[PDB]
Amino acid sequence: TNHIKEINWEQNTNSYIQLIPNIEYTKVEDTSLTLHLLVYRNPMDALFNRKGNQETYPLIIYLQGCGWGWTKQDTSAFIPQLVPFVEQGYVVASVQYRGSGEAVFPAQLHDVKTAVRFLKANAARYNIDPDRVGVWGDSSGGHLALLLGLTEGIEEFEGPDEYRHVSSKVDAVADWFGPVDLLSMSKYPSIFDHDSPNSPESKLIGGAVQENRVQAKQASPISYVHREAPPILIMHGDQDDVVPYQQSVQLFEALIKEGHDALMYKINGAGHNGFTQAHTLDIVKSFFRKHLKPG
């Protein structure tokens, strides 16, 4: 029982995944906006001035939903689900955007556009390949993810004069029950009254959506399906009592009609919850593997 066990150790292998939280990527007024980063990095290497990991990886940006501020956006909560994506050969960032109590749309899009450009511009120090960028979000984050895909090159949505020498285009979009058409949301049952001036959608645009239709359409992904777009993955539970399942059906049919590469899954018996079971996460993993090509 005085026996010491012995085991070997593989040399020259990246196996430490480091969480780097609270990276400030922009500052509007006195409000700094942050992102959290996950990357293959052994923290001992920086501490002892050793040559770090030289590999570059495709990037996945995660946009946590929050009703654009209906609740305070929690960019840390989903991080444990992002860790296995690093293992597939990605860098992952979870990005904060401003709530509608701070500024109305397109401020939220300005924020995530700027985060994309920040991550591309500073790519080398984060082991990022800036040419391969996917974005993934749930509910209001899925809404913004769609807009990153569908509003590429629209100058009024770029935001501040920061990192303008890189593009804010993304190469793949994964949408978990994201709002699609603000004016059609109240057509189907929900626990929210989405037409109320106090709804998350009305606050997003600064007025009751049915009474402010130009601004409601400006903030709707459905308004941009005629534009060029990267491949899009849509997933939505048929029991979702927050974002009607028909929002995603409407998006999917409009994208197909326009000739877009779109994939949609109906999650039977699922509601307004992240699709964090293994077989549903595999769909997201397969989608980004196809279009971002880790390895």
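In this text, residue numbers run from 1 along the sequence as written.
**Student:** Mind pulling up the entry and telling me whether 40-48 or 26-34 has the higher mean Cα temperature factor?
**Tutor:** Mean B over CA atoms: larger for 26-34.
**Student:** Taking only the CA atoms, which stretch has the higher mean B-factor in the record, 129-137 or 156-164?
**Tutor:** Stretch with the greater average CA B-factor: 156-164.
**Student:** Whose CA atom has the top B-factor in the entry, of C66, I60, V242, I256?
**Tutor:** Answer, based on the entry's C-alpha B-factors: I256.
**Student:** For the C-alpha B-factor as written in the entry, point me to the maximum among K217, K169, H194, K203.
**Tutor:** Within the set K217, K169, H194, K203, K169 shows the top C-alpha B-factor.
**Student:** When the modelled residues of the chain are sorted by Cα temperature factor, does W176 land in the lowest, middle or highest third?
**Tutor:** Lowest third of the chain for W176's C-alpha B-factor.
**Student:** Relative to the other modelled residues of the same chain, rank the CA B-factor of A93 and answer lowest, middle or highest third.
**Tutor:** It falls in the bottom third of the chain.
**Student:** Name the third of the chain's ranked CA B-factors that contains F85, choosing lowest, middle or highest.
**Tutor:** Middle third - that is where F85 ends up once the chain's C-alpha B-factors are sorted.
**Student:** Place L263 in the lowest, middle or highest third of its chain's C-alpha B-factors, as listed in the PDB entry.
**Tutor:** Within its chain, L263 is a highest-third residue by C-alpha B-factor, going by the deposited values.
**Student:** Per the entry's values, where does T280 land by CA temperature factor relative to the rest of its chain, in the lowest, middle or highest third?
**Tutor:** CA B-factor rank for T280: middle third.
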